[PDB]
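1. structure for the following, please:
(chains A, B, C, D and E)
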Amino acid sequence: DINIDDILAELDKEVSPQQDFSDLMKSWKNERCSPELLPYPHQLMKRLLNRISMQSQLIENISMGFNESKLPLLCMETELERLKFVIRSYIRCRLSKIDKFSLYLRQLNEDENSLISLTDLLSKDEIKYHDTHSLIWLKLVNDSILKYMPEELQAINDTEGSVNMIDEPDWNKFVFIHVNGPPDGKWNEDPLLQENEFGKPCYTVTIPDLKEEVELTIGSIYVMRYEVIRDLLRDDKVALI
Amino acid sequence: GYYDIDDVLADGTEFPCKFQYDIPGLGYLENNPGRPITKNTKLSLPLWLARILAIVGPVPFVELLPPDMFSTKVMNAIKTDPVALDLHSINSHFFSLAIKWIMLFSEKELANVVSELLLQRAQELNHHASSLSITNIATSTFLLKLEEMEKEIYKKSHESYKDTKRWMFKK
Amino acid sequence: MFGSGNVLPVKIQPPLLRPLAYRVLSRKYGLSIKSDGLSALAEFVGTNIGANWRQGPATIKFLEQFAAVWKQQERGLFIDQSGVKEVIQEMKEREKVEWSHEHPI
Amino acid sequence: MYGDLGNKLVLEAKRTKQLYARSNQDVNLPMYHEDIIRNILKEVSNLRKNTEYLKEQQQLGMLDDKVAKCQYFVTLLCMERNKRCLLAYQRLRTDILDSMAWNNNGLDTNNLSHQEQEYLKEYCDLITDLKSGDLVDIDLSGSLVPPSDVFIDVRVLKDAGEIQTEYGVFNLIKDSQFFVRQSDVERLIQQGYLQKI
Amino acid sequence: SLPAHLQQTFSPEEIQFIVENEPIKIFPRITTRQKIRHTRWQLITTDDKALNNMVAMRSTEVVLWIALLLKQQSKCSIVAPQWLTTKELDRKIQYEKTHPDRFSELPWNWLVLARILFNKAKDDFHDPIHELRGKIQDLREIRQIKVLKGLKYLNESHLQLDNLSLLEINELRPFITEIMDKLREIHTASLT
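-> Numbering: from 1, shown residues only, chains lettered A, B, ... in the order given. The relevant structure is shown in the block below.
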């Protein structure tokens, strides 16, 4: 018979806030389960604060405007507090992970050879929090402990100790991931995608500490090391469940 | 990790070792005031000294003897019945010391033994953590036979299961 | 002391201060406001500002300073009218020191 | 060996972690162990005297060819272990003070030190500076529970007088019921004067 | 800043929030539709076109927190999905009993949505609630048996499941992640 799908499909054709909110929980769910502090989505959060400010003046103007149909106002109200909860929880989790890795972040700022900086990784408020938390913790341990110890042992960014002075994130921490494929619906532009047996395609990644290749079929959930899945998450191919 | 307090008590345990050099002036290792140490002296020292005293020294300063916690009797007892073995009476932080001993002395057989042991007690740990009373002797005697990291994992899993139990089961 | 206000004081009320009470210091800084403290704050904002209390940013900045000062002392989780009086007197001393800092005299 | 007193300090560090793990509500912290850290400071002063004595003995150079390295490393590891114990206990008290500042004071002074008092005070100024300026529409010290119920029944525990809210004036008559929004009285639930669902 | 019980995992009420943020088919019992002769809804995290076009006794698709909020008003009644029927749950039970190695093709939000609609919609089910909750408990128990069977394969490299629910991910997350992290730590210390 005649296959008519292409001509009918091409005959059928003859930034948005909801996608921003879905990306906001994508960032939140990827942030909560990750050991590494994820890069800051500056444009998304600036648009979200501008949108929540415009909604705040909108709901206050309608409150000045106050038939009595109060259910749209109730929709505005729980809309505002649920958005505030999501933003609050995301910033609180990333602030806790800033506090876990203060010494790592200040060495990463101190190393000019590394390409990662806090301007690309943290917000201005998070940069201020990390800096003044580092100074207040520094002052507390100088007037608490390190004043009474000699010149070799007051260093807190030390490396050559018997046990490592500086905290390091667990790069191989096991995490639940669910594959989404490419962010777009067009599958052929991904070079890493390859077709396998039984129709289902997969992503092939190599664990180097065992030197094994593993296949992640689209539509199934896994637990993997974070160093293996870091390059797929930065390209936004999986979701950290 | 620097700040892991469980790792701090893990480093605080003392291991038997042998002194390789005649070293005067360190009599306070064996609680003596001023005795110089004779050649081939058997002594128990904490791990934060002997971990890199066996590194720096060629002939290093300190030779790490196989302790009782990694003996063939303990290995055979682990290989026979991993579940009902009382690991707390052997050492309270047996697994962190096992990881440090494996990282220091790269022993493959001990790695397989500790991995198999961790799997078998993880099954029983999950069985006791998923059980929510609406405490039994059979679970609490196993809590009596648990390590600090193992009861930490049990506490995380048990509060997770209890919190989702009260979420699913009531408001 | 304080900056000079050109217009005469008016007696504004705790009504119509309701949006300009809970959002500025009770949510941004977490301090509950009692009725007598709100009345004393309304009286002092009236005497400081006059008729431009509705559109004046000086009211918002003064309430932020009020919440900040109550955060350094932490004399209470609530807000007391006597506590407002002590904070106002300490602010008069504070801006007297700040005016001496502006012009050394 | 010498560092066993630091290990004793780290034992009550493990004890107060187990106190925090079983107390969901923020209890009063245990008293600052002044005597043990005074003993450790006397120990590290004796270690300073020991390493200066071995430096001047290496300057004299009697029986100091290969031995002086060995007790140099032993003294260095003893000071390193003491620093490990002190920093572990100090950072545990620091983290629980940060949790106390984030939980209740954002939304008992005997046990803290004066340096811990000024740490807690300046951290309070930092967390009240965080919610000002940017990030001001949300509150950073707010509730971490999702608002899955927009309106709740609220029962008054203690008499706290007449209070104000955003657009209305509330009373705190003891043992009374409100049918109000969770976000209006969420801070008052955190203070404990209101307590229901 | 973050609490210790919310450090490396989600709480179940956060899972409730996540599954409250999905679309669901629903029957309005109020008419907000403008005739040819009322403030608009105007939301910013969901499409308000289906909520502006809200017609009484029709099928519309709104988000689930709006669904529960209007069910509290009883201005709008929540329609159960297709898989919340006795026949489809019996088909899922038969698929679970047929293939022991593979989990059934259930939605990711099958426990949380069932709990939400049981505690909030007690008169919105065509099938009786009784056998529905019985089949939900049967599916939960057989999925628990399958995850207990699959937990014997805790591998150092990787571990895969097909269709485990998000609530079951929060059931098994800290135990599996900690045990596999320590197994990987043992083997990486075992490497030369």
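2. from now on I want contacts and neighbour counts done on CA atoms only, so please keep to that.
-> OK.
3. quick one: the strands in chain E, in order.
-> Applying DSSP state E to chain E gives strands spanning E:23-28, E:60-63, E:76-78, E:159-161.
4. what's the helix or strand for the residue located most distally from the centre of chain D?
-> In chain D, counting by Cα atoms, centre = their mean, residue D:62 sits farthest out from the average C-alpha position, at 49.2 Å. Under the criterion DSSP states H and E, no helix or strand holds residue D:62.
5. could you report the neighbour count for the residue in chain A that chain D sits nearest to?
-> Proximity of chain A to chain D (Cα to the nearest Cα) peaks at residue A:84, 5.3 Å away. Around residue A:84 there are 22 other residues, counting by other Cα atoms under 10 Å in any protein chain shown.
6. any chance of the backbone angles for the nearest residue to it once chain neighbours are set aside?
-> Using Cα to Cα, 6 or more residues apart in numbering or on different chains and skipping the chain neighbours, the partner closest in space to residue A:84 is residue D:138 (5.3 Å). Phi and psi for residue D:138, reported as degrees, to the nearest 10, are phi -90, psi 170.
7. if I look at residue D:138, how far off is chain E?
-> 16 Å (Cα to the nearest Cα, to the nearest Å).
8. let me know how buried that residue is, in neighbour terms.
-> Number of residues near residue D:138 (other Cα under 10 Å) recorded here: 22.
9. now residue E:103
-> 19.
10. likewise for residue B:43?
-> When neighbours are counted by other Cα under 10 Å, residue B:43 registers 14.
11. try residue D:101
-> Residues near residue D:101, counting by other Cα under 10 Å: 19.
12. over to residue E:26?
-> By other Cα under 10 Å, the residues close to residue E:26 number 21.
13. so it touches residue E:60, yeah?
-> Yes - under the criterion of Cα atoms under 8 Å, residue E:26 makes contact with residue E:60 at 5.4 Å.
14. hmm, who's touching stretch E:14-27?
-> By Cα atoms under 8 Å, 6 or more residues apart in numbering or on different chains, the list of residues contacting stretch E:14-27 from outside reads D:145-146, D:148, E:56-65, E:67, E:76-81, E:109, E:112-113, E:166-167.
15. give me phi/psi at the residue lying closest to residue B:12 once chain neighbours are set aside?
-> Setting aside the residues directly before and after it, residue B:12 is nearest to residue B:46 in space (Cα to Cα, 6+ apart), at 5.7 Å. Per-residue torsions, residue B:46: phi -70, psi 160 (degrees, to the nearest 10).
16. got a list of what residue C:38 touches?
-> C:14, C:81.
17. for it, helix, strand, or coil?
-> For residue C:38, the assignment made with DSSP: H, G, I helix; E, B strand; the rest coil gives helix.
18. relative to residue D:10, how far out is it?
-> According to Cα to Cα, to the nearest Å, residue C:38 and residue D:10 sit 49 Å apart.
19. residue B:93 now?
-> Between residue B:93 and residue D:10 the computed distance is 15 Å (Cα to Cα).
20. can you tell me, leaving aside adjacent residues, what's nearest to residue D:171?
-> In space, residue D:171 is closest to residue D:162, 4.6 Å off (Cα to Cα, 6+ apart).
21. where's the one you found, which helix or strand?
-> Using DSSP H and E, residue D:162 falls within strand D:161-164.
22. any idea which of the strands of chain E is most buried?
-> Of all the strands of chain E, strand E:76-78 has the most neighbours on average by mean count of other Cα atoms under 10 Å in any protein chain shown, namely a mean of 23.
23. which elements pack onto the helix ranked longest in chain C?
-> Longest helix in chain C by number of residues (criterion: DSSP state H): helix C:81-102. Helix C:81-102 sits against helix C:35-49, helix C:57-73, with contacts defined as 3 or more Cα pairs under 8 Å, 6 or more residues apart in numbering or on different chains; DSSP states H and E.
24. buried ones in the longest one?
-> Using 16 or more other Cα atoms under 10 Å in any protein chain shown as the test for burial, helix C:57-73 gives C:59, C:60, C:63, C:64, C:66, C:67, C:68, C:70, C:71.
25. closest to chain B out of those residues?
-> Checking the buried residues of helix C:57-73 one by one against chain B (Cα to the nearest Cα), the nearest turns out to be residue C:71, at 32.2 Å.
26. could you list the contact residues of chain D toward chain B?
-> Chain D comes close to chain B at residues D:1, D:4, D:7, D:10, D:13-14, D:67, D:70-71, D:74, D:77, D:81, D:84-85, D:87-88, D:91, as judged by Cα under 8 Å from any Cα of the partner chain.
27. now, of those, which are buried?
-> Here, 16+ other Cα under 10 Å leaves D:1, D:7, D:10, D:13-14, D:70-71, D:74, D:77, D:81, D:84-85, D:87-88 buried among the residues of chain D next to chain B.
28. tell me which two of those residues sit farthest apart.
-> D:14 and D:70 (32.2 Å; Cα to Cα).
29. now do the helices in chain B.
-> B:5-11, B:47-53, B:72-80, B:87-90, B:94-104, B:108-130, B:137-144, B:148-169.
30. just chain A next, same as before
-> For chain A, the helices defined by DSSP H cover A:5-12, A:17-33, A:42-64, A:71-100, A:102-110, A:118-121, A:124-141, A:226-234.
31. ok, which of the ones you listed comes nearest residue C:50?
-> helix A:42-64 (23.0 Å).
32. close to chain C, is the closest one?
-> No - Helix A:42-64 stays clear of chain C (Cα under 8 Å from any Cα), getting no nearer than 9.3 Å.
33. and the angle for that helix with helix A:71-100?
-> Angle, helix A:42-64 to helix A:71-100, by axes from the mean of the first three to the mean of the last three Cα atoms, to 10 degrees: 150 degrees.
34. number of nearby residues for the nearest residue to residue B:42 once chain neighbours are set aside?
-> Closest residue to residue B:42 apart from its sequence neighbours, by Cα to Cα, 6+ apart: residue B:18 at 4.7 Å. Counted with other Cα under 10 Å, the neighbours of residue B:18 add up to 19.
35. tell me the spacing between residue B:18 and residue E:137.
-> The spacing between residue B:18 and residue E:137, counted by Cα to Cα, is 61 Å.
36. cool, and residue B:11?
-> Distance of residue B:11 to residue E:137, computed by Cα to Cα: 47 Å.
37. right, I'll call it a day here.
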